[PDB]
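1. This one is an experimental structure. Sequence first:
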Number of protein chains: 4
Amino acid sequence: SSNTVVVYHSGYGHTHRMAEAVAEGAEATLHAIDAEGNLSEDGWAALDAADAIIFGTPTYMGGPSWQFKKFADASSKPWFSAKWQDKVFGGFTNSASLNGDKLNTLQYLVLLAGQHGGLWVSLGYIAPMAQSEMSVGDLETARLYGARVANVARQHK
Amino acid sequence: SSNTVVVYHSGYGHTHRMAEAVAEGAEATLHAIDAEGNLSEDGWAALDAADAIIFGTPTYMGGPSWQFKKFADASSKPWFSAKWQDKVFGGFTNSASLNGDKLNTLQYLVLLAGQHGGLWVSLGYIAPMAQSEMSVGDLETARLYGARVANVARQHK
Amino acid sequence: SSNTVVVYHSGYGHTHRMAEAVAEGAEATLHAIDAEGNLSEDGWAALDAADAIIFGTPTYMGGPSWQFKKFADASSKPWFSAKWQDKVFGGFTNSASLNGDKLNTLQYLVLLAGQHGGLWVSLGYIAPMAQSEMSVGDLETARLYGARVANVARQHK
Amino acid sequence: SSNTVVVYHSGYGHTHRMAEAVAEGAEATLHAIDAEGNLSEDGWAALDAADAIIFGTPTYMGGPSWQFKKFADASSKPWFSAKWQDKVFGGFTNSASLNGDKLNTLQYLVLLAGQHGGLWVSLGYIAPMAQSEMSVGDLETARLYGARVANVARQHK
C-alpha cells in the first residue's frame, strides 16, 4: 500500500495548511523546502522512495515561489538518473488573489512531473488551487485530492 | 487488456501519420475529427468506451486547430455527465516550425484531460511533438508513446 | 487619433456585453465572428486598417471558443503578408467559472498578437477577465481597458 | 532618446552572451542578477529609471531559473508602488534543448510584465529564444530584438 510524499514550500504558512490537508488525504509524509529553497537529504531520499510525489507551492508574482523553483532546479539530479520515472505526481497552490495566475503555477507543476516522466493526477480542474488559515471548503477539496493521488499510486505502483 | 482510442484532426495529413504511429504503439483504434470539427457517433461512443484517449492535433497559429477545439468544446457533453472521469489520457502534436508553440498545444491537451478528471501520461517531455511525411525518429518516439499509454491504461483500467 | 477595432466571438452573449464595454472605452468599432467562426470581409478590412486590435472570446473547455480559433487560424492570411506587424493588441475573456482557465485564453491571445508581431497592452493583470448580463465592476474595468488600449494606439500609431 | 535596461541571470554564461547582444541592439545598460538571485541597488534604481526593461533568463527544468524568479519575486516591491507601470518590456531565453520549454519561460516573462502594467514587445515569435557561445544567427535576431524594443520605448516614453 502506497507511499506518498508531500514536498512543499510555504511563504507565510497558507500553503503549509494546504499541504497538511493533502498529506491527511493521502496519508502522506510531509517535507518542507526551507526559506532558502533547500530540502534535507531526508526529503530527497523520501522523494526517490515515494510511489507518489505531490508538489506544493505558493503562487507569487505569477508563478511558483523562487524557493520552489530552486528545489525544482535541484531535482535536475534525480532527473538525469531518471529516478522519478513512472511515479504518480500531483500538485497544489494557493495565493491571495486570482486563480488567474494560479493556473500558471499548476501548469509548471505538470511540466516538472512530465520532465521526470511521471503520471499526472488531475482533481477528481488540473489540481487544487485556493484563496488566501483558509476555508474548510478548500482544505476539504485538498484532502480529497490527496486521497485521490494515493489511490492512483496504489493502483499504479 | 486495454482499449485505447486515438482521436485526432489532420490539416494536411502530417498529424494523420503521427496518429497512425501512436495507434500502432498502443494498438489503438483511430477516429478522425473531420475538416469541419465533427466526429461521428461511432467516434464518440468509442471515446466513452475507451480505457485511454489520446488526442491528436496540428499546432496552428499557436494552438490546436480550430477543428480540434470544436471537438473539445463538443466534449462538454461527456464532461457534464463525467463520462471520461479517471480515464488515461495522452496527446500529440506536429507543426511546420518551432516546438515553441507546440508546447502550448500540448498544455491545452493536458487541461482538456484534467477538465475531464483523467490521468495524464507524459513522454517516457510532456507528450510527443514533431517537425513537418515526417522523420522515422519522430514516428518512432510517437509509437513508443502510444505503447506507453496503453501500458498505463492496462495497469489502471 | 486612433482607430481601434474590437473583433470578438460570443457564445451566449456575455462576451458581447464585455466587447461593447471595451468598444465604449476605446471608442472602437465592433466586429463579430459569427456562430460558425466567420468574419465578414468588412471585418477583415477593418482589422487591416486598425491601429489597435482587441480580441474577444469566451473561455470554453479551457481555451478560446472554437469559433475564435477558426478566426485566428484564418488570420494566417494577414500573417503571411505581415499586415498586422507593429499594431497595438489587447484581449478579453469571460466565462462561467474559474479565472483558472481564463488565463489560458488570455495567454493564447498574447501569442496570437506576438505571432503577428504586435505590441501587447496589459491591464492598467494581463487583460480583463470576468465572471458569467455581468457585473458593472467587470464592465467598468473592461471599459477602462479599452480606453487604455486606444491610448497606447494613439501614442504608437 | 530612450533608456533601456537589460536585467538578466546567466547560469553557465550563454544567457550572458544573449544579453550582450540584446544590450548592443537596444544600446542598453546591463545588470546581472547574481548566482544567489540578488540584484544590486544600482540595478533596482536603473530599473525604476528605465523606459524599457528587458528580462533575460535561462530555461531550466521547464521555467525561468530560480535566480530569475527570486528577482521577479523581489520586484513585488516596485510592483506595490506601481513603479514600472506603462514601461515597455521584452524578454529572452536560451537553453540546451527544446524550444519546447522555452515558450513557458517567455510566457512567464510576459506575465511578469503584465503584472507590472507594462507593454509587451514581441519579436519583429513572442520574444527571442535560442539554442545552447551560441550561433550568430541567434545573436543577430537577439540584437535586432533589442533595437526593436528601444524603438518602441522611444515612441512610447
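-> Sure, I can see it. Numbers count the residues shown, from 1 in each chain, chains lettered A, B, ... in the order given.

2. roughly how far apart are residue A:6 and residue A:144?
-> 14 Å (Cβ to Cβ, to the nearest Å). Where you see a C-beta, it was placed from the backbone N, CA and C, and this is true even at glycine.

3. And those two? Which one has more around it.
-> Comparing residue A:6 with residue A:144 by other Cβ atoms under 10 Å in any protein chain shown, the one with more neighbours is residue A:6, at 29 against 15.

4. Check which helix or strand that one maps to.
-> strand A:4-8 (DSSP states H and E).

5. So what touches that strand?
-> Under the contact criterion Cβ atoms under 8 Å, 6 or more residues apart in numbering or on different chains, strand A:4-8 has outside partners A:15-16, A:19, A:22-23, A:26-33, A:39, A:43, A:46-47, A:50-57, A:68, A:71, A:146, A:149-150, A:153.

6. Which among these count as buried?
-> Buried residues within these, defined by neighbour count using 16 or more other Cβ atoms under 10 Å in any protein chain shown: A:15-16, A:19, A:22-23, A:26, A:28-33, A:39, A:43, A:46-47, A:50-57, A:68, A:71, A:146, A:149-150, A:153.

7. Go through these and flag which are in helices.
-> A:15-16, A:19, A:22-23, A:26, A:43, A:46-47, A:68, A:71, A:146, A:149-150, A:153 (DSSP state H).

8. from these, which is closest to residue C:106?
-> residue A:68 (23.4 Å; Cβ to Cβ).

9. what residues does chain A put near chain C?
-> A:62, A:98-104, A:125-126, A:129 (Cβ under 8 Å from any Cβ of the partner chain).

10. Can you show me the strands along chain A?
-> For chain A, strands defined by DSSP state E occupy the ranges A:4-8, A:29-32, A:52-60, A:63-64, A:88-95, A:119-121, A:129-131.

11. Next, format these as TSV and append distance to residue A:78.
-> Shown next, in TSV, are these (distance: least, Cβ to Cβ, whole Å):
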stretch	distance to residue A:78
strand A:4-8	12
strand A:29-32	14
strand A:52-60	10
strand A:63-64	18
strand A:88-95	13
strand A:119-121	16
strand A:129-131	26
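
12. out of those strands, nearest to residue A:81?
-> strand A:52-60 (15.4 Å).

13. for chain A, which residue is closest to the average position?
-> residue A:55 (1.4 Å; Cα atoms, centre = their mean).

14. That one contacts residue A:88, correct?
-> No: applying Cβ atoms under 8 Å, one finds residue A:55 not in contact with residue A:88, separated by 12.0 Å.

15. Ok, which of the strands of chain A comes nearest residue B:135?
-> Comparing the strands of chain A by Cβ to Cβ, strand A:119-121 comes nearest, at 27.3 Å.

16. That closest one and chain D, any residue contact?
-> No: for strand A:119-121, no contact with chain D is found by Cβ under 8 Å from any Cβ; the gap never falls below 13.5 Å.

17. what do you get for stretch A:127-147?
-> No: remark: stretch A:127-147 sits outside contact range of chain D, by Cβ under 8 Å from any Cβ, the gap being at least 14.9 Å.

18. And stretch A:61-79, by the same measure?
-> Yes: residues of stretch A:61-79 contacting chain D under Cβ under 8 Å from any Cβ: A:61-67, A:69-70, A:72-73, A:75-76, A:79.

19. what's the closest non-adjacent residue to residue A:107?
-> Closest residue in space to residue A:107, ignoring its immediate chain neighbours: residue B:107 at 6.1 Å, by Cβ to Cβ, 6 or more residues apart in numbering or on different chains.

20. Count the neighbours of that neighbour for me.
-> 25.

21. Equivalent analysis for residue A:84, please.
-> Residues near residue A:84, counting by other Cβ under 10 Å, number 20.

22. Next up, the contacts around it.
-> Residue A:84 touches A:47-48, A:53, A:75, A:78, A:116-118, counting by Cβ under 8 Å, 6+ apart.

23. switch to 10 Å and redo it
-> A:47-48, A:50, A:53, A:75, A:78, A:112-113, A:115-118 (Cβ atoms under 10 Å, 6 or more residues apart in numbering or on different chains).

24. how much space between it and residue A:44?
-> With Cβ to Cβ as the criterion, residue A:84 and residue A:44 are 11 Å apart.

25. I'd like to know how far the nearest residue to residue A:101 once chain neighbours are set aside sits from residue C:79.
-> For residue A:101, ignoring the flanking residues on the chain, the nearest one in space by Cβ to Cβ, 6+ apart is residue A:62 at 4.6 Å. With the distance defined as Cβ to Cβ, residue A:62 ends up 28 Å from residue C:79.

26. the more surrounded of those two?
-> residue A:62 (27 against 19).

27. Let me know whether that one touches residue C:107 as I believe.
-> No: with contact defined as Cβ atoms under 10 Å, residue A:62 does not count as touching residue C:107 (11.1 Å).

28. quick one: common contacting residues for these two?
-> A:104, C:126, D:107, D:110-111, D:114.

29. ok, and the most crowded of those residues?
-> Ranking the shared contacts of residue A:62 and residue C:107 using other Cβ under 10 Å puts residue D:110 first, with 27 neighbours.

30. Greatest separation within the residues of chain A next to chain C: which pair is it?
-> Top of the distance list for these (Cβ to Cβ): A:62 and A:125, 19.6 Å.

31. contacting residues for the closest residue to residue A:141 other than its chain neighbours?
-> Nearest in space to residue A:141, with sequence neighbours left out and distances taken as Cβ to Cβ, 6+ apart, is residue A:128 at 5.5 Å. Applying Cβ under 10 Å, 6+ apart, we find residue A:128 in contact with A:18, A:21-22, A:56, A:90-94, A:102, A:106, A:138-146.

32. Which PyMOL command selects the buried ones in those residues?
-> To isolate the buried ones among the contacts of residue A:128 in PyMOL, judged by 16+ other Cβ under 10 Å, type:
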select buried, chain A and resi 18+21+22+56+90+91+92+93+94+102+106+138+139+141+142+143+145+146
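
33. Residue A:134: how many residues sit nearby?
-> Neighbour tally, residue A:134, other Cβ under 10 Å: 18.

34. Next one: it from residue D:13, what distance?
-> 43 Å.

35. so residue A:29 makes contact with residue A:20?
-> No: applying Cβ under 10 Å as the test, residue A:29 and residue A:20 come out as separate, 11.6 Å apart.
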